[PDB]
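Trainee: this one's sequence-less:
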Ligand SMILES: OC[C@H]1O[C@@H](O[C@H]2[C@H](O)[C@@H](O)[C@H](O[C@H]3[C@H](O)[C@@H](O)[C@H](O[C@H]4[C@H](O)[C@@H](O)[C@H](O)O[C@@H]4CO)O[C@@H]3CO)O[C@@H]2CO)[C@H](O)[C@@H](O)[C@@H]1O
Ligand SMILES: *[C@@H]1O[C@H](CO)[C@@H](O[C@@H]2O[C@H](CO)[C@@H](O)[C@H](O)[C@H]2NC(C)=O)[C@H](O)[C@H]1NC(C)=O
Ligand SMILES: OC[C@H]1O[C@@H](O[C@H]2[C@H](O)[C@@H](O)[C@H](O)O[C@@H]2CO)[C@H](O)[C@@H](O)[C@@H]1O
Ligand SMILES: [Li+]
């Protein structure tokens, strides 16, 4: 590429998500739901580099698989889709997705090497167009959650490491989208202006890297792209869906030198309204379905693609109240319970997403 990194490529559906579905879901399902689950195992969702171990195992593995498929003559050729998700003091406003590294224990250096090695593999696989979402939740937390001790303490590290990632992974075959929360997070009129300055400043301090295409929204969340009727839980936010958020956000970013395109996560937003009782409820939300299949055909000037970033069926957090990573949000009445550790397969949730899929 070129313009839109989603143009002229197919998105790779990774083997690890398909294996989960076949190994852990299908055996427990009816014949009809096993069929539907087989179709979903083939829908491309982003592969998360959530642990350092993934870099020289699952990440390099997937890159090799993609090269093999393209060498065999894939047409359009396959592009890889990955999430960089291992900041030290990760998930700073919550408990459920705390990561392996901490700032206190050499986390920043650990992250720099993690990034360095990712860069090496991208160089090694420069033949594979690679699309990255950078660090879901991180910068959105910087906008709204500076009152939270873990966030404010991590703030300077987050900003240094984000710039570092954007500079290091800035390669011609790569497109990056910085995570930018969602309409119910950064779309609030009181949050949208500080968000615009923070993103524009990170972008400029990173030297306006060519590989930075724009922002991802709705990652691991559930908002409508475009809905006529604002869900009750969205009131009084005028930016009640991702379309409203992105259209309000883009000119503010543009005014500060960051002319962003967007991708929107549609993997868990097929059923509207969702089962959320309040908008801020993010964990394993009840009454959700698989949404619009990933496509570059968005019909909207600012959106490069609808994508599945959060892999449906992988938990957002454990509901085990005695667990170290227990977060009360995962124990609420609109959260599906019992639920396993974040990232772990969550059969009952997977089932819900299948049943509620929309389109079917
Ligand atoms: O998305 C997955 C991710 O979620 C993280 O939790 C996020 C929620 O996703 C998000 O909905 C929530 O958004 C808040 C926002 O931060 C507040 O600024 C805003 O405050 C409103 C308030 O509700 C109104 O009463 C008031 O009048 O207006 C203000 C705005 O000025 O409320 C919204 C909705 O509740 O923020 C959460 C983070 O704190 C998780 O932490 C993460 O683990 C998940 O992966
Ligand atoms: C993160 O993972 C990398 C591998 O991707 C680790 O780097 C390797 O460390 C081992 C030592 O156990 C060596 O055998 C390798 O040669 C190292 N480098 C590479 C590029 O493979 C690294 O140690 C991990 N980081 C942390 C903080 O544990
Ligand atoms: O434990 C590794 C497991 O994690 C998955 O990534 C998770 C991440 O762990 C979690 O904190 C966040 O909320 O969601 C992502 C995506 O579900 C990863 O996708 C799996 O491959 C992996 O087995
Ligand atoms: Li999360």
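Mentor: Yes, it's here. Numbering: from 1, shown residues only. Ligands and ions are numbered 1, 2, ... in the order given.

Trainee: Please determine how far the closest residue to ligand 1 within the chain is located from ligand 4.
Mentor: Relative to ligand 1, the nearest point of the chain is residue 280 (2.5 Å; Cβ to the nearest ligand atom). Where C-beta positions appear, they are placed from N, C-alpha and C, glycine not excepted. Relative to ligand 4, residue 280 is positioned 13 Å away (Cβ to the ion, to the nearest Å).

Trainee: Around that residue, how many other residues sit close by?
Mentor: The number of residues packed near residue 280 is 10, by other Cβ atoms under 10 Å.

Trainee: tell me which element it falls in.
Mentor: For residue 280, there is no host helix or strand (DSSP states H and E).

Trainee: Helices along the stretch 151-300 of the chain, start to end?
Mentor: Secondary structure of the stretch 151-300 of the chain, counting by DSSP state H, counting those that start in this stretch: helices at 189-205, 242-254.

Trainee: Let's have the ones you listed in a markdown table, adding mean neighbour count.
Mentor: Listed next are the helices of the stretch 151-300 of the chain as a markdown table, based on neighbours: other Cβ atoms under 10 Å:
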| stretch | mean neighbour count |
| --- | --- |
| helix 189-205 | 17 |
| helix 242-254 | 20 |
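
Trainee: For these, give me CSV that also has distance to ligand 4.
Mentor: Compiled in CSV, the helices of the stretch 151-300 of the chain are given as follows (distance: least, Cβ to the ion, whole Å):
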stretch, distance to ligand 4
helix 189-205, 18
helix 242-254, 17
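
Trainee: Tell me where the stretch 151-300 of the chain has strands.
Mentor: 174-179, 212-217, 261-265 (DSSP state E, counting those that start in this stretch).

Trainee: follow-up on the earlier one: residue 16: which of the helices of the stretch 151-300 of the chain is closest?
Mentor: helix 242-254 (27.0 Å; Cβ to Cβ).

Trainee: Now do that closest one: everything it contacts.
Mentor: With contact meaning Cβ atoms under 8 Å, 6 or more residues apart in numbering, helix 242-254 is reached by 180, 182-183, 186-187, 192-193, 195-196, 199-200, 215, 217-218, 223-226, 238-239, 259-260, 262, 264, 300, 302-303.

Trainee: in the stretch 51-200 of the chain, what residue is nearest ligand 4?
Mentor: Ligand 4 sits closest to residue 97 of the stretch 51-200 of the chain, with a gap of 4.6 Å, by Cβ to the ion.

Trainee: which residues does that residue contact?
Mentor: By Cβ under 8 Å, 6+ apart, the contact set of residue 97 is 90, 91, 316, 317, 325, 342, 343.

Trainee: so the third one makes contact with residue 282?
Mentor: Yes. The pair residue 316 and residue 282 qualifies as a contact (Cβ atoms under 8 Å) at a distance of 6.7 Å.

Trainee: Mutual contacts of these two, please.
Mentor: With Cβ under 8 Å, 6+ apart as the test, residue 316 and residue 282 both reach residue 220.

Trainee: Who has more neighbours out of those two?
Mentor: The residue with more neighbours, out of residue 316 and residue 282, is residue 316; 26 against 23, by other Cβ under 10 Å.

Trainee: got a list of what that one touches?
Mentor: Residue 316 touches 96, 97, 220, 282, 283, 284, 310, 330, 339, 342, counting by Cβ under 8 Å, 6+ apart.

Trainee: Over to residue 281?
Mentor: Going by Cβ under 8 Å, 6+ apart, the list of residues near residue 281 reads 329, 332, 334, 335.

Trainee: Tell me the bridge partners for the last one.
Mentor: Which is residue 335. Going by DSSP bridges, residue 335 is paired in beta bridges with residue 285.

Trainee: need the residues of this protein near ligand 1, please.
Mentor: Contact residues (Cβ under 6 Å from any ligand atom) of the chain with ligand 1: 91, 93-94, 96-97, 137, 144-145, 182, 184-185, 188, 190-191, 220-221, 279-280, 282.

Trainee: Leaving out the residues flanking it, which one is nearest to residue 346?
Mentor: residue 315 (4.1 Å; Cβ to Cβ, 6 or more residues apart in numbering).

Trainee: That neighbour against residue 339, yeah?
Mentor: Yes. Counting by Cβ under 8 Å, residue 339 is a contact partner of residue 315 at 5.1 Å.

Trainee: got any residues that touch both of those two?
Mentor: 284, 346, 349.

Trainee: how much space is there between the first one and residue 100?
Mentor: Relative to residue 100, residue 284 is positioned 22 Å away (criterion: Cβ to Cβ, to the nearest Å).

Trainee: Between those two, tell me which one has more neighbours.
Mentor: Shown here are residue 284 and residue 100; by other Cβ under 10 Å, residue 284 has more neighbours (29 against 13).
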